[PDB]
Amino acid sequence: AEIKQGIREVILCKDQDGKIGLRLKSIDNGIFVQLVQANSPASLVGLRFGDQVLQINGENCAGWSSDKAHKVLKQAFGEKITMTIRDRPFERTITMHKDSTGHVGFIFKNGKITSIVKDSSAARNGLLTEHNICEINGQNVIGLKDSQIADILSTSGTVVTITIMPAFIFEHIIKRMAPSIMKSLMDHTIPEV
């Protein structure tokens, strides 16, 4: 859940169907992860929604279109693809503690935080409104129903870490992607060890 500084290298191999499980999006002359498929090479190496791809196979992604990034992946030798990644650079993680009645202290609608409750852990920790909830305790919740998000908060331990993104950036990233895809095909698992 907590956002790593700097840059890391990941190494992927296409699956038996020639797939890595990734959709990419051009944002502000970089390339970002828009969708990670469950049970994919991308999910398994730990790519996340909102990760920035700096290089593919040692080539800079700066100023690439979304189409170009997809084409480069499609045309890469499948046995080893290297990517250089910056971790979720548009997001931040906020750690809160549930009160005696199980609340962290906010209202949300359609996955977006809309108000902060007075004298709550959310207030104390400076949770912001107009921010989309991306992850809870390192689990992606994008495309899940509000009731499902509430359930995940319920089943957390008392320490709840939420990864948020300014709504305007979130809405930019998810543009040209069908809601059914986010719900059905975005990875929502806890990572394996």
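Numbering starts at 1 and follows the sequence shown.
Engineer: Between 174 to 182 and 17 to 25, point out the one with the higher average CA B-factor as the PDB entry records it.
Structural biologist: Mean B over CA atoms: larger for 174 to 182.
Engineer: Mean CA B-factor: is it higher for 108 to 116 or for 70 to 78?
Structural biologist: According to the entry, 70 to 78 carries the higher average C-alpha B-factor.
Engineer: Between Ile133, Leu128, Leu153, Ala167, which one tops the list for Cα B-factor in this entry?
Structural biologist: Answer, based on the entry's C-alpha B-factors: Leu153.
Engineer: Kindly indicate the residue among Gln139, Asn60, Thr158, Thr163 with the greatest C-alpha B-factor in the PDB record.
Structural biologist: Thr158 has the highest C-alpha B-factor of those listed.
Engineer: Relative to the other modelled residues of the same chain, rank the CA B-factor of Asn39 and answer lowest, middle or highest third.
Structural biologist: Ranked within chain, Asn39 CA B lands in the highest tercile.
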